[PDB]
Amino acid sequence: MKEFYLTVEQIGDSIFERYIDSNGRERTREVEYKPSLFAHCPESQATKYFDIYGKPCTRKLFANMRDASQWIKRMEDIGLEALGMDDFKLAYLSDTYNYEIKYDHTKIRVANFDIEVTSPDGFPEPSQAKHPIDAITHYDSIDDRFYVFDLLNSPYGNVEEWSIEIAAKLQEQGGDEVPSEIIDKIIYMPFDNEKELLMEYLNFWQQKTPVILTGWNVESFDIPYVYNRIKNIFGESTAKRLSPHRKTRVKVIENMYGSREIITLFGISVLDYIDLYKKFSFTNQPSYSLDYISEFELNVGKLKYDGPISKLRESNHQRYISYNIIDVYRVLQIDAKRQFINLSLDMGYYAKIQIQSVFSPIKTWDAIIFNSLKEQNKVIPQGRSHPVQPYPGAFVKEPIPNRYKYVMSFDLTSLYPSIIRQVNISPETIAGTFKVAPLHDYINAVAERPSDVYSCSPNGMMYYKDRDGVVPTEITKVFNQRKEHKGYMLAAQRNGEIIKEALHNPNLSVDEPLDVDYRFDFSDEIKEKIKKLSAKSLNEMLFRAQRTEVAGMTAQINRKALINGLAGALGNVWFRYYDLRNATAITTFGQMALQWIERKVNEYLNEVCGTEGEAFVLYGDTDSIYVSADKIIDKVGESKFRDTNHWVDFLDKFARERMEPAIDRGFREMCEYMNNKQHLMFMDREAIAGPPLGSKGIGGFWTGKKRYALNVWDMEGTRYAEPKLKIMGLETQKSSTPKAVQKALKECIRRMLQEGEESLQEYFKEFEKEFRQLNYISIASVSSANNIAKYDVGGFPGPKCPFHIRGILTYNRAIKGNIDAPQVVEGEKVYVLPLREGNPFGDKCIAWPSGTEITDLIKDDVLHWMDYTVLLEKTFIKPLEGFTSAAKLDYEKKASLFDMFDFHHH
Ligand SMILES: Nc1nc2c(ncn2[C@@H]2O[C@H](CO)[C@@H](O)[C@H]2O)c(=O)[nH]1
């Protein structure tokens, strides 16, 4: 019992919904929905309905949605406000599910799939779909099975069936190491020709139509490709059968380069995992290849193979198919730990939106706010359009490029959401303006107090302190829910430990697992019952506690993305509640908060250390400040510390008992200055960084805004056993930096921070020596092949032609005629190497497709003519020089008067 929806669409005058009924069965209904909208109505009938400003309204109820749209359009032409939920899907969901949705995830068909398409050049265009689909793995969550569709005959090669028994063997028995926990879950179907396979897959899709559809890049490649492929071979009518409502929209997306095609399948919610990860991971990443993220998430990765992916089928079909399966599995494993599908499902059902709408803060919040106001008989405002006007962003301090021995950092809790609550910023809490001074005047508390009666932002805006506001209200709701679910997750952690206690030597009874709520700390009587409990039952309880812990995590990450979504939405001109004044209010208040507390921290540390106008805050970014503790350490005396932990202890205690109290005083004052609704500027200690005691390491350094390294010992009270390097914007991770130089540069930084100049100097000479010995692939830089056609004049480079594009040209010249070498494609990644003067390739560099060897035809000639000197200079030394000059060290020992002497020592 308790129905929930699966997907909803509007097609003309009916709502097409897929849903789970009271019985638990998946059904489909078509509803000729009758929307309601609102007009302002001079209160001649004692009305229940008011807009967010308190103006009375009247309800108009329409025969069909099409009429409703006409009306809006009519109303707007006249100049009148068309109030209410103009997205009827949302209105429908709100009416039909006018309760808190409880959903059973096991009844939701979640498909995870990937395809393979062999093409002579290896990068086949989804819009054109010239090439046969020769492998599909489709995982179904309800069946818990991997359906594998294998093409045996292609124009590009014919192959034997894949072997499940070979797939299961270890690498050294010539196997693929497809895990046992899925080996038995594979249903393998080979096909003699593509038409067979596609027809079977399409029939398969009708029987098991995905509600939620996902995978890696399914939106930009896999879905468009199968759709076009089917359309091409069978016709559009057939391809449309991929939508349960037989409706389809093809959308063309022109990015910063060419274009791309996206297919909307009506009645299906596509949540591409790559986007799901980008949104919910809250971790910046140098690459978003499934291979890299698996590696990051699961400490392993995608299957490995000899040669280009475009040659894998012909050379190793066995691996080809296993690799495809594994790819689908990797996503499942990431989801196993990250839980982004369930998060999307929570959020979707929490807001009452199409599930794919979780990608859109403005859509989600539009819905959340609509439902909230609906329970109060309040009416939402018509959305009017606004110009895209650039307004202030975050404050980033320009740092003095230098080494910084001891650094301590602090950041504000959840800054923009905190500002919204503190100032009381909402479209309807606006109370007026004040004559505004330069921002620096407020930072310095020199400008006059804006208002004695209203809550103010340094941009000139005033807000009511007494009145509520939709934005601040809705946000504080989610804030509390976050605190609440966080609490559950923690209690489920502590309870899990209690159960892990009893598991070390439990009773040999025949009993059952206790029926308890894991979201709450166990009572003493429960703790006692647990001791005298069997291993069978305790293991069931530990599983239960951890399912609850996971639920807590997910629910509170949900609230986190929700909270930050709103903050971002208010800056988005497409948001029903957007207002430039309110967006500037938020960000300008931000900048003041950061520079004000910078001033206070400088004032405090000068007083406390007895120094004149000293710069303690060396850097800040958006919500965090970076404090040089060098003077604090001197004032004590460095030699007074017993070990590294001793000074880290000291800086912690100093942060806790001295700086934070001061910071809080500082922000309380700021709050009074702006006369805000409540004090919510909470800053506390983040990191403590420095060199190990009695080393010659430099601790950290900045080279510029967003470019710095720190040797971190402690993060928010947790002490690391090994110190952790925090590196930012230093090209240690850019795909462009060659793999070996990436490791090398990080080692240079590690030694700088931890060990000092001499260590760095010894490692530099060492790496320089080992350089000419490294695999050529590990030392090539990586670029993107963009606009090759543009700079291709006959066969030679053109005007102002990029270094890497020139390389691609010389490669294609050198492999021309011969049709047996891996070709370079537009919008693909390429390795690049410099060539020495007067080489047979007639240019100073060459480039080939990444993840491939150079073809044998020319490999050794290339390698022989490589310009290591230019290579090491451009990729390694230049970057390093940037670091060393900023830190004021030398990576090569400066000449000495002693150099010429043969000593026994150092
Ligand atoms: N309270 C409220 N109801 C709305 C609004 N927009 C559309 N409606 C619809 O009008 C009806 C109110 O009883 C419901 O069917 C709602 O789905 C709105 O802005 N506020």
Side-chain angles (χ1 to χ4, degrees), residues 3-5 7-17 19 29-43 45-76 80-101 348-354 357 360-385 426-429 468-475 477 566 569-570 574-579:
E3 309 195 335
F4 57 100
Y5 65 86
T7 65
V8 61
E9 310 281 0
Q10 149 154 30
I11 303 172
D13 273 333
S14 44
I15 291 292
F16 282 78
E17 177 195 22
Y19 72 101
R29 64 191 161 210
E30 174 182 358
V31 180
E32 287 206 51
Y33 181 57
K34 299 199 271 167
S36 293
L37 298 162
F38 299 84
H40 278 127
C41 201
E43 200 172 5
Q45 281 282 256
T47 331
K48 47 180 177 180
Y49 302 112
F50 298 82
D51 73 7
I52 68 164
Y53 301 96
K55 308 279 297 172
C57 302
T58 189
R59 201 176 118 244
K60 300 271 178 151
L61 183 268
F62 302 90
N64 53 70
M65 295 182 291
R66 145 89 186 199
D67 281 17
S69 286
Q70 301 297 252
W71 185 82
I72 300 190
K73 206 276 174 179
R74 244 178 289 130
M75 285 288 283
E76 286 169 356
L80 287 155
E81 209 194 322
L83 291 103
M85 180 42 75
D86 57 340
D87 182 341
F88 308 129
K89 299 187 264 87
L90 291 198
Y92 170 79
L93 292 180
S94 177
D95 299 352
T96 308
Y97 302 93
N98 52 332
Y99 43 90
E100 203 215 338
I101 294 171
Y349 288 132
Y350 177 90
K352 304 193 187 78
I353 51 180
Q354 301 183 293
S357 284
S360 168
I362 63 156
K363 232 318 174 295
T364 305
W365 276 108
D366 196 43
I368 291 171
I369 297 170
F370 156 64
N371 280 273
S372 192
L373 263 14
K374 188 196 159 192
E375 280 136 29
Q376 304 157 61
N377 289 330
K378 302 223 174 90
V379 176
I380 66 173
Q382 195 204 118
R384 226 354 197 26
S385 68
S426 203
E428 83 288 10
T429 51
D468 279 328
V470 194
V471 184
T473 298
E474 281 319 312
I475 210 164
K477 256 158 85 185
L566 194 39
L570 292 185
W574 292 92
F575 191 45
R576 186 179 308 262
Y577 301 97
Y578 166 87
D579 191 304

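Along the sequence shown, the residues carry numbers beginning at 1. Reckoned from all heavy atoms, side chains included, excluding hydrogens, waters and symmetry mates. Atoms within a ligand are numbered from 1 in the order they appear, just like the ligands themselves.
Rounding to the nearest 0.5 angstrom, the gap separating the CD atom in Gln70 from the CE atom in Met75 is 14.0 Å. To the nearest 0.5 Å, the span separating NZ on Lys48 from NZ on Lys378 amounts to 15.5 Å.
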Evaluate the side chain to side chain donor-acceptor pair (under 3.5 Å) criterion for residues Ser14 and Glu32: first the C-alpha distance (whole Å), next the side-chain angles of each, then the deciding distance (0.1 Å), finally the verdict. CA-CA 4 Å; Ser14 44; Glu32 287 206 51; over 6 Å; no
Would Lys73 and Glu76 count as a salt bridge (charged side-chain N to carboxylate O under 4.0 Å, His left out) if you check the C-alpha gap in whole Å, the side-chain angles of each, and the deciding distance to 0.1 Å? CA-CA 5 Å; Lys73 206 276 174 179; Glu76 286 169 356; over 6 Å; no
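In this structure, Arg29 is positioned above the aromatic face of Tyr19, its NZ or CZ under 6.0 Å from the six-membered ring centre and within 45° of the axis.
Ion pairing of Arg66 with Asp13 is absent here, as no side-chain N (NZ or NE/NH1/NH2) approaches a carboxylate O to less than 4.0 Å.
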Distances only, to 0.1 Å: what are the N or O pairs between ligand 1 and the protein that fall under 3.5 Å?
from     : atom 1 : to     : atom 2 : distance (Å)
ligand 1 : 1 (N)  : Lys378 : O      : 3.2
ligand 1 : 6 (N)  : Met85  : N      : 3.1
ligand 1 : 15 (O) : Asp95  : OD1    : 3.1
ligand 1 : 15 (O) : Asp95  : OD2    : 2.8
ligand 1 : 17 (O) : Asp95  : OD1    : 2.6
ligand 1 : 17 (O) : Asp95  : OD2    : 3.3
ligand 1 : 19 (O) : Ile380 : N      : 2.9
ligand 1 : 20 (N) : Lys378 : O      : 2.8

